[PDB]
Amino acid sequence: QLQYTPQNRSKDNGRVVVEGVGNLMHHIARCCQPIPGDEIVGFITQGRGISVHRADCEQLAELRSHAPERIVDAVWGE
RNA sequence: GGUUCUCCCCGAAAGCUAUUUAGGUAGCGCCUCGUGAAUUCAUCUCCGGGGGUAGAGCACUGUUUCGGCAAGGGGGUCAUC
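Residues numbered from 1 in each chain as written, not as in the entry; some residues may be left out. Chains lettered and ligands numbered in written order. Part of a larger assembly, values for the part shown. Heavy atoms only, no water. Residues with missing side-chain atoms left out of burial classes, pairs and counts.

- If you check the header, you'll see the entry was determined by cryo-EM and the resolution is listed as 3.9 Å.

- Per the PDB entry, the recorded name for chain A is GTP pyrophosphokinase, and the organism is Escherichia coli.
- Here the PDB entry's recorded title is "Structure of RelA bound to ribosome in presence of A/R tRNA (Structure III)".

Spelled out as structure tokens, the structure:
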């Protein structure tokens, strides 16, 4: 009965700062549920902007098997 | 319900079928007596047989667990026309 505020803060910006840039259309993945753990690794998607597909994950590595240029680092900050 | 003298020989059935039949009856099965014929009949060993039961098996009809490969659908990844 109790079933976006947690992602309204990402919609309120901050968090991810890929290569030192702020306010990006980032969005956490799924197969991997990244949290500020093994940091993370970003990935540019056609639409949806940056996909934070966690650091070290198969599907991320698959993308590492396709277009490496799309691949980007990742951080957290606060 | 009961059915009164005596000895002798053999000696059943409580089954099938039908029955406004199912505790009755009839045909037949088994009884007895009489007559008449096949070494006809019974056991046995040898011989020629069909069987699908026990048992066993899982090719088939089903059922069952496990391991394998893996359709194909599910959830996600880039995609999402």
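## Observations concerning the overall build of chain A
So, point 1. Helix and strand content of chain A: one helix and three strands.
So, point 2. What you see for chain A is a C-alpha radius of gyration of 13 Å, in line with the 12 Å of a compact globule of 78 residues.
So, point 3. Judged by the C-alpha coordinates and their principal axes, chain A covers about 40 × 30 × 25 Å. (Helix = DSSP H or I, 4+ residues; strand = E, 2+ residues; numbered from the N terminus. Rg over C-alpha atoms; globule rule 2.2 N^0.38 Å.)

## Considering unusual backbone geometry
So, point 1. Of note, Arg54 is a non-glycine position whose phi angle comes to about 55°, a positive value.
So, point 2. Turning to its location among the elements, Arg54 is positioned in the loop between strand 2 (50-52) and helix 1 (58-63).
So, point 3. You will see that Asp56, though not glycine, has its phi angle at about 55°, which is positive.
So, point 4. Tracing the sequence through the fold places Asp56 in the loop between strand 2 and helix 1.

## Comments concerning the sheet that holds strand 3 (residues 71-72)
So, point 1. Ordered by their spatial adjacency, three strands build an open sheet running 2-1-3, and the pairing between neighbours is antiparallel. The open sheet is flanked by strand 2 and strand 3, the only strands paired with a single partner.
So, point 2. Judged from the three bridges that link them, strand 1 (residues 42-44) and strand 2 form a sheet pairing that is antiparallel. Counterpart to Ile44 in the pairing with strand 2 is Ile50. (Pairing = 2+ DSSP bridges.)

## Quick notes on the side chain of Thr45
So, point 1. Mapping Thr45 onto the fold places it in the loop between strand 1 and strand 2.
So, point 2. Within the structure, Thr45 has its side chain in polar contact with the backbone oxygen of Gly47 (distance 2.3 Å).
So, point 3. The residues contacting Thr45, other than those within four sequence positions of it, are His27, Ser51 and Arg70. (Polar contact = N/O pair within 3.5 Å; in protein donor to acceptor, adjacent residues only side chain to side chain. Contact = heavy atoms within 4.5 Å.)

## Focus: the environment of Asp38
So, point 1. Residue placement: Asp38 occurs in the segment before strand 1.
So, point 2. The spatial distance from the C-alpha of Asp38 to the C-alpha of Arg54 is 7.7 Å, given a sequence separation of 16 residues.

## What to know about the environment of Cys31
So, point 1. Locating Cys31 in the fold gives a position in the segment before strand 1.
So, point 2. When the C-alpha positions of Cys31 and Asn8 are compared, they lie 21 Å apart, and in sequence the two are 23 residues distant.
So, point 3. In this view, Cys31 contacts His53, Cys57 and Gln59; residues no more than four positions away in its chain are not counted.

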